[PDB]
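Trainee: Attaching a single structure in structure tokens format; questions to follow.
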Ligand SMILES: Nc1nc(NC2CC2)cc(-c2cccc(Cl)c2Cl)n1
Ligand SMILES: Nc1nc(NC2CC2)cc(-c2cccc(Cl)c2Cl)n1
């Protein structure tokens, strides 16, 4: 009997010359920059989950999200398949605001600090920045080392 | 670091039947499947899919519809198999047995799932309902799935 896939959301506010990231202040991935998101709850849609996490973590509200990717992840030593649903936003309401969990900061699109993002980001950001959609899977040894991956555009 | 190896799979899916091939040798011998194989350097995925369909079944098509993307791994290897799945409806020629595949039509309510790869039981319903999908399956061995993700795109 099977180990369950667990669902997560990730939102990247991607405007014409900049992307909003947040420095994670505690918990899983603390000390790296990332988009906003977290676990999708039982009883909520993925997109409602994404909007909720963007609001709680950054203080931003959105009318529209655009779904851009689906990437699953696994780590050696864990039975859990992490199933991450990735969205973009452009127009937003509110001002980026520091939360308990995240400190938002804008980055120019040619000045993304990839050394301080999850390692996978370096592989799929190019598709994200080109407004493409994609599916993939990454197998990690640990927080720093990818063992293998699959990634391709969907169209 | 491994990158995944690319494969194609083509299901000739008509209103009340689907064409499968019994694999005669190699990896998956003795199971029914669609037609396909390794995508080669220097050909597109879709051209690879047409190529394998022709080589294995003698059928040629004009149009393939992209249906799904599924990655696969087996416990105890970093190798990832990356399968791009396509449908076809109209085909030219006569399904003929090759060295690799024995083609047969199945009515859609009579697909022999026990003799397909185990994952097919999970994604065939999406295929049948014309839904596009992405997924990943981790296999303990050729009969046993440990873990999977599968979602409409
Ligand atoms: N960019 C990126 N890459 C990731 N790579 C996976 C090896 C961890 C995971 C995540 C992510 C997304 C949503 C929620 C959570 Cl907790 C995380 Cl960690 N983000
Ligand atoms: N239906 C299905 N399911 C699969 N499940 C993976 C555990 C093996 C693999 C395949 C497949 C597709 C193209 C080429 C080859 Cl060699 C194979 Cl084996 N097909």
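Protein chains in written order, with the deposited numbering: chain A, 0 to 154; chain B, 1 to 153.
For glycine and all other residues, C-beta sits at the position ideal for the given N, C-alpha and C.
(1) Determine, using beta carbons only, whether residue 77 of chain A comes closer than 7 Å to chain B.
(2) Should residue 33 of chain A be counted as a contact of ligand 2 given a C-beta to heavy atom distance under 6 Å?
(3) Note down, in chain order, every chain A residue with its Cβ under 8 Å from the Cβ of residue 80 of chain B.
(4) How about residue 240 of chain A: is its C-beta nearer than 7 Å to some C-beta of chain B?
(5) Cα-Cα, which of A/93, A/90, A/100 and A/38 is closest to residue 56 of chain A?
(6) Within 6 Å: the Cβ of residue 28 of chain B and any heavy atom of ligand 2?
(7) Just reading off the alpha helix (DSSP H) that residue 124 of chain A is part of, what are its end residues?
(8) Shortest alpha-carbon distance to residue 144 of chain B belongs to which of B/121, B/58, B/14 and B/64?
(9) At least one CB of chain A closer than 7 Å to the CB of residue 153 of chain B: is that the case?
(10) Would you kindly report the start and end of the unbroken beta strand (DSSP E) that includes residue 149 of chain A?
(11) In chain A, which residues lie with their C-beta within 9 Å of the C-beta of residue 3 of chain B?
(12) I need the straight-line Cα distance from residue 150 of chain B to residue 135 of chain B, nearest angstrom please.
(13) Could you give the uninterrupted runs of the beta strand (DSSP E) lying entirely in the stretch 56 to 81 of chain B, keeping only those of 3 residues or more?
(14) Helix, strand or coil, according to DSSP, for residue 19 of chain B in the structure here?
(15) In this structure, does DSSP put residue 102 of chain B in helix, strand or coil?
(16) Verify the contact flag: residue 141 of chain A, CB atom, against every heavy atom of ligand 1, threshold strictly below 6 Å.
(17) Could you tell me the alpha carbon to alpha carbon distance between residue 93 of chain B and residue 59 of chain B, rounded to whole angstroms?
(18) Would you say the stretch 61 to 68 of chain A touches the stretch 94 to 114 of chain A, given that touching needs at least three Cβ pairs under 8 Å?
(19) May I ask whether a heavy atom of ligand 1 can be found less than 6 Å away from the beta carbon of residue 9 of chain A?
(20) With distance defined between alpha-carbon atoms, name the residue in A/36, A/27 and A/111 nearest to residue 18 of chain A.
(21) What do you reckon, are the CB atoms on residue 119 of chain A and residue 137 of chain A nearer than 7 Å?
Mentor: Taking the structure as given:
(1) Walking along the first chain from the start, residue 77 of chain A turns up at place 78. Residue 77 of chain A does not count as touching chain B.
(2) Working through the first chain from its first residue, we reach residue 33 of chain A at position 34. Flag unset: Cβ of residue 33 of chain A not near ligand 2.
(3) Here the question's residue 80 of chain B lines up with position 80 in the second chain. Result: 136, 138, 147, 148 and 149.
(4) Summary: the structure shown does not reach residue 240 of chain A, with chain A confined to residues 0 through 154, and so no result is reported for it.
(5) Residue mapping note: residue 56 of chain A aligns to position 57 of the first chain, counting from 1. Of the listed residues, the one whose Cα sits closest to residue 56 of chain A is A/100.
(6) Residue mapping note: residue 28 of chain B aligns to position 28 of the second chain, counting from 1. Checking the Cβ of residue 28 of chain B against ligand 2 gives yes.
(7) Position 125 of the first chain, counted from the first residue, corresponds to residue 124 of chain A. Where residue 124 of chain A is concerned, the enclosing alpha helix (DSSP H) stretches over 120 to 128.
(8) As a position in the second chain, residue 144 of chain B is number 144, starting the count at 1. Minimum Cα distance to residue 144 of chain B is reached at B/121.
(9) For the purposes of this step, residue 153 of chain B is taken as the residue at position 153 of the second chain. Cβ-Cβ to chain A under 7 Å: yes for residue 153 of chain B.
(10) If you number the first chain from 1, residue 149 of chain A lands on position 150. Unbroken beta strand (DSSP E) run through residue 149 of chain A: 144 to 153.
(11) Taking the second chain and counting its residues from 1, the one referred to as residue 3 of chain B is at position 3. Neighbourhood of residue 3 of chain B in chain A, by CB distance below 9 Å: 147, 148, 149 and 150, in chain order.
(12) By one-based count along the second chain, residue 150 of chain B stands at place 150. By one-based count along the second chain, residue 135 of chain B stands at place 135. Approximately 4 Å, taken between the alpha carbons.
(13) 65 to 74
(14) Along the second chain, read from residue 1 onward, the residue named residue 19 of chain B stands at position 19. Residue 19 of chain B falls in the strand class under three-state DSSP.
(15) Along the second chain, read from residue 1 onward, the residue named residue 102 of chain B stands at position 102. Reduced to three states, the DSSP call for residue 102 of chain B is strand.
(16) Locating residue 141 of chain A in the first chain gives position 142, where the first residue counts as 1. Residue 141 of chain A Cβ: outside cutoff for every heavy atom of ligand 1.
(17) As a working mapping, residue 93 of chain B is identified with position 93 in the second chain. As a working mapping, residue 59 of chain B is identified with position 59 in the second chain. Their backbone Cα atoms lie some 5 Å apart in a straight line.
(18) no
(19) For this step, residue 9 of chain A is matched to residue 10 along the first chain. It does: the Cβ of residue 9 of chain A is within 6 Å (strictly closer) of some heavy atom of ligand 1.
(20) Taking the first chain and counting its residues from 1, the one referred to as residue 18 of chain A is at position 19. For residue 18 of chain A, the nearest C-alpha among the options comes from A/111.
(21) Taking the first residue of the first chain as 1, we reach residue 119 of chain A at position 120. Taking the first residue of the first chain as 1, we reach residue 137 of chain A at position 138. It is a contact, given that the beta carbons lie within the stated cut-off.
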